[PDB]
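Some notes on the structure that comes next.
Neighbour counts run over all protein chains shown; Cβ positions are idealised from the backbone, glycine included. No lab work stands behind these numbers, since they all come straight from the coordinates.
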Ligand SMILES: *[C@@H]1O[C@H](CO)[C@@H](O[C@@H]2O[C@H](CO)[C@@H](O)[C@H](O)[C@H]2NC(C)=O)[C@H](O)[C@H]1NC(C)=O
Ligand SMILES: *[C@@H]1O[C@H](CO)[C@@H](O)[C@H](O)[C@H]1NC(C)=O
């Protein structure tokens with residue numbers, strides 16, 4: 001009924017201690033390497049990838065859909081180039097949610113022109129709850145989130161009409 | 001290892017992971033304790049590790065072997081990696097699936 | 001015949017993954033079951049109502 005796309009973690013003020021740039025050829029737009037608009041790929045700055053810690057409080061009377069991902073490098077050199085620790089993990093918790101994720105580094109068959117992968121994860125945050133994000137590497141951070149007000153269920157229909 | 005599905009069929013690939021009852025067994029067969037296996041394909045990814053533990057006997061064994069599988073689509077590839085505890089695919093099945101039917105249990 | 005049909009807002013389609021084939025097949029079983037029941041009943045109901053209607057008029 002309502003899908004507000006709001007910036008959950010404003011780019012400039014939320015992450016001043018690391019890199020908020022970085023694109024992929026596989027997401028190229030109009031010939032330029034690019035990336036997703038609702039997610040921010042985070043990498044280190046000047047050799048550092050600080051432990052990250054963020055907390056979002058759902059101050060809206062809406063559920064908030066929070067998206068994030070985890071980077072899964074094709075190899076060690078890629079993980080080291082972007083993050084400066086091999087024993088990387090991310091962790092996401094809320095009053096009633098808890099997951100811990102680690103990268104799975106492996107050679108993989110190419111898809112598009114990539115050997116690595118990014119997994120996507122999500123949760124619905126209830127009004128008044130909080131999501132705490134932590135990471136020491138491989139985080140694709142939520143940038144935008146959606147404040148939702150759900151209607152009677154309807155559906156996804158596939159058609160070229 | 002890498003297998004390319006060069007048949008116009010899905011290929012069922014089976015493999016397993018050894019789960020020793022103890023450390024001495026894992027060391028006797030594999031020479032690293034931090035063993036893992038990894039299986040990936042364009043649209044598949046799993047990483048497995050052994051879980052070493054004393055277990056009640058089944059048959060006369062204390063350890064276990066878990067079995068895993070995937071269906072490889074035509075043109076795709078499965079890459080297998082391991083530094084221990086691998087029960088490797090040897091044979092695989094090139095499948096052409098019909099209309100679903102069933103498993104029936106009977107001594108007729 | 002028309003008014004007693006319960007029409008509710010619905011969401012018929014469901015999505016399933018590669019390893020959720022049993023669930024997909026149950027979902028299909030449910031759709032085929034309901035469809036055969038409604039088709040059988042609709043065909044049979046109309047044939048029975050038509051016999052009664054023509055007899056009614058005679
Ligand atoms: C958006 O969709 C288009 C259409 O499928 C993608 O364009 C193809 O990109 C591949 C390389 O990844 C080329 O080999 C194809 O020839 C392209 N198709 C056409 C019709 O030009 C595009 O890459 C997608 N973009 C994003 C960001 O996902
Ligand atoms: C950035 O690092 C400095 C120490 O060099 C620290 O005082 C500051 O609080 C950090 N800022 C953020 C947003 O983490």
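In this label model, residue A:19 and residue A:130 are separated by 3.2 nm, measuring between points 7 Å along each Cα→Cβ vector. Each Cα pair under 8 Å and six or more residues apart adds its separation to the average, and for segment A:1-70 the resulting relative contact order is 25 percent. Answer rounded, prolate or oblate for segment A:1-134, using the Cα gyration tensor with square roots of eigenvalues a ≥ b ≥ c: rounded when a/c is under 1.5, else prolate when a/b is larger than b/c, else oblate. The shape class here is prolate. Distance between Cα centroids, segment A:1-72 to segment B:1-56: provide it in whole Å. The distance from the Cα centre of segment A:1-72 to that of segment B:1-56 comes to 35 Å.
Seen through its C-alpha gyration tensor, with square-root eigenvalues sorted a ≥ b ≥ c, the protein assembly as shown comes out oblate because a/c lies at 1.5 or above while a/b is not bigger than b/c. Averaged over the residues of C:17-26, the number of partner chain Cβ atoms lying within 10 Å of the residue Cβ comes to 1.
Using 19 Å as the cut-off for backbone N distance, which residues of segment B:41-70 belong to the label zone defined by a point 7 Å from the Cα of residue B:4 along Cα→Cβ? Under cut-off, by backbone N: B:41-44. Against chain C, whose longest principal axis comes from its Cα atoms, helix C:21-57 is set at around 0 degrees.
If the chain linking residue A:107 and residue A:91 were pulled fully straight, counting 0.36 nm for each residue of separation and taking away their Cα-Cα distance, it would gain 3.3 nm. Taking the alpha-carbon centroid of each part, what is the distance from segment C:38-55 to segment A:122-161 in angstrom? Comparing the Cα centres of segment C:38-55 and segment A:122-161, I get a distance of 49 Å. Most tightly packed first, judged by the mean number of other beta-carbon atoms within 10 Å of their residues, the peptides A:28-40, A:139-151 read A:139-151, A:28-40. Per-residue ellipticity at 222 nm, computed for chain A from helices alone with -39500 (n - 2.57) per DSSP H run of at least four residues, works out to -1500 deg cm²/dmol.
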